[PDB]
Structure formats: structure tokens, C-alpha cells
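Presented as C-alpha cells, the chain that follows is alone, the form deposited in one PDB entry.
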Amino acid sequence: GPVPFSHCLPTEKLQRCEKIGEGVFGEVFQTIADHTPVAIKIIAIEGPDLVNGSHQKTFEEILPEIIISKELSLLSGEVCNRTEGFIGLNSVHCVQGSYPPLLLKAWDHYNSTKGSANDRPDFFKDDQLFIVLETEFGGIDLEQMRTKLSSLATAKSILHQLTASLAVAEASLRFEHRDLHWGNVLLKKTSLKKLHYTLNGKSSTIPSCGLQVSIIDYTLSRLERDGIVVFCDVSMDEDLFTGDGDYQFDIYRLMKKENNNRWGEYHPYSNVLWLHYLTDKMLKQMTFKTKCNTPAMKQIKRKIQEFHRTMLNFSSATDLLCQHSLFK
């Protein structure tokens, strides 16, 4: 049965919560336990109230993203197909209760400083159910780092890390992320010069440029194990395919074209589409502290431009990693 919030967020951990993000889904906080930052994602489920303008998921509707979270986290401990590029999952609980006042305090601070698009989550009753996911703290999202990265060399590392993680997940799980906008790419400092992955038994490395990338948010994702497919069936969603003002919204339409509106099928080209959207952000929206003012850096720039104009002719992230010149 469900647990109280205090099971997940004992006093000291609750007291250290600061809000770090949000979506229609709910709220994300950072806190600390055993000297280590963690992120806490809180999603209301099973109730009748609109939350941030949308109905709450049922337990059946939230289960896919929980299952996918777990499977992708477990890739850090696998052998033939191994990656640390998805967010580590520490725990998942079903919680019952009204929203903790200390979290409302945190929510108010964020609203006062950054502003929120969400409702203040102060209207839940003591029978309300939530899913609370505790993950690794992944750093800061790529969108928030628009003006904060060193150079396009950093961009190349980020694209290589993303492509490798997606390829490993394609190979192990027939995974498609399906919503890899730049809010879902997280960046954290690492002292490691090289990051490691293994793809179908072959290990390789990626120069880090001082950053470790984590992919988050599996609300639209798909994967399979032993022919049992876990996914979000958006075949009858209207609003998802009618966005404009950002290439992001075209990707939803391009996925629907690719899969003929059949979301249970495996179409790893969707991962290529998202990687193209991210490359497009790197070239058109990101601004770097140091420009390509040297010939070796002008060459990295040319290679990322070449990637942008050629990558849509590849079938999967696996195809890209193994065959594209950017990664040789």
C-alpha cells in the first residue's frame, strides 16, 4: 500500500529540497542524502482534479514511464550493452497525502525567482496518491545552458554521448525516447577525461570535454523485452501534433509520418530525428563562450554542420554511431 511523504523525504531531506524544474506532469526538486545530490520527481495520479490544466494519469498510464526508467538505469550495470547515459533511478514510491508544506515553500521560492507555469500544488487532499521518483541529480538542462558552454568541441562531446546512449538502448531494448527536447538533456561536470560505453560487446570511449550527459523523461518513450512492448499510445492525441514555433513540434509530426501513427512498432529513426533536432539547437540556438577562432575548431564546426546535413540519411542511432564520420 502507499507510504507517507515522510518515508521518501524524512525531515532533513525535506528541509533541503529546492525546486529545480517542472512540467505539466508535476514538479522536480533537488535535495541531498548521504552527502549526495538527488532529484525527486513528484507526479499526482489517480485523482479527478485537473493538475496544470490536464487530467492525472492512472496507475496503468504511469507504469510505462516507471518501467522504462528502471530498464534504462540498469544499463549502467550491464555487460554487452552498457551505458551510463540515462539517469540513474534510486527508488520509486507510491505516496499518499496532502502536499508537504516544506515543498510548497520551495515551490513558492521558485515561482518568485524563476516563475512557474504550474498551479501551486496546495489543493490536494490527504487521500491523494502520487508517484515519487528519486533519481541521480543530472546537472543542468541543455536549454538552461544555452549561453554557458565553452565551445562547439563541447557540443560534439554532447552529441557523441547522446548518440552512444541511444545506440546502446536501441541494441538492448529497441528503445525510442520520442521526446528528446533540450529540456531532457542534462549536463554535469565530470573529472573523467574519457567516458565509456559498450555496444554489442564492443567497448569504446568518448572524450568528455569535462561534461557527463544524462537523458531524462520517458513519458513518450517505447521499448521492448522479449516482444512485450511498453509505450505511450498517442495515436488519438490531437494537441501533440499541432505545435508550432520550434522544430521540436515538427519532430512529433515527422515521427507520426515515419511510423504511420502506429506507436507500438519499433522505428529507431525517431532517435535520429531527435538527434537532428538537438544538432540543430547546437548550431542555431546555443551560443558558446569561445568561438571557432582556430583552424582545428573551424574543422569541428564543419564536421557538426556536415552531421546536420547528412544524419537524416541514417536509420538509427546505432547506424550513426557506427558509420558516421563525426565519430571516427
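So that there is no doubt, residue numbering starts at 1 and follows the sequence shown.
Keep in mind that the form deposited with a partner chain bound is missing from the display, and what follows is about it.
If you check in the deposited bound form, do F231, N260 and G264 all have a non-hydrogen atom within 4.5 Å of its partner chain?
No, none of the three is in contact.
Which of these stretches, 94-102, 153-161, 231-239, 199-207, has heavy atoms within 4.5 Å of its partner chain in the deposited bound form?
Every other range fails; the passing one is 231-239.
Which pick from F124, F137, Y247, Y252 sits with a heavy atom within 4.5 Å of its partner chain in the deposited bound form?
Comparing distances to its partner chain in the deposited bound form, the residue within 4.5 Å is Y252.
Could you tell me which one of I87, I131, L195, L220 places a heavy atom within 4.5 Å of its partner chain in the deposited bound form?
Only one listed residue qualifies here, and that residue is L220.
Can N81 be called a contact residue for its partner chain in the deposited bound form at 4.5 Å between heavy atoms?
No, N81 is distant from the partner.
Just checking whether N118 would be counted as a contact of its partner chain in the deposited bound form - the rule being heavy atoms within 4.5 angstroms.
Yes, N118 lies within 4.5 Å of its partner chain in the deposited bound form.
Check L312 for me: does it contact its partner chain in the deposited bound form (non-hydrogen atoms, 4.5 angstroms)?
Residue-level check for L312: no, no contact with its partner chain.
Indicate whether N52 is a 4.5 Å heavy atom neighbour of its partner chain in the deposited bound form.
Answer yes; at least one heavy atom of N52 falls within 4.5 Å of its partner chain in the deposited bound form.
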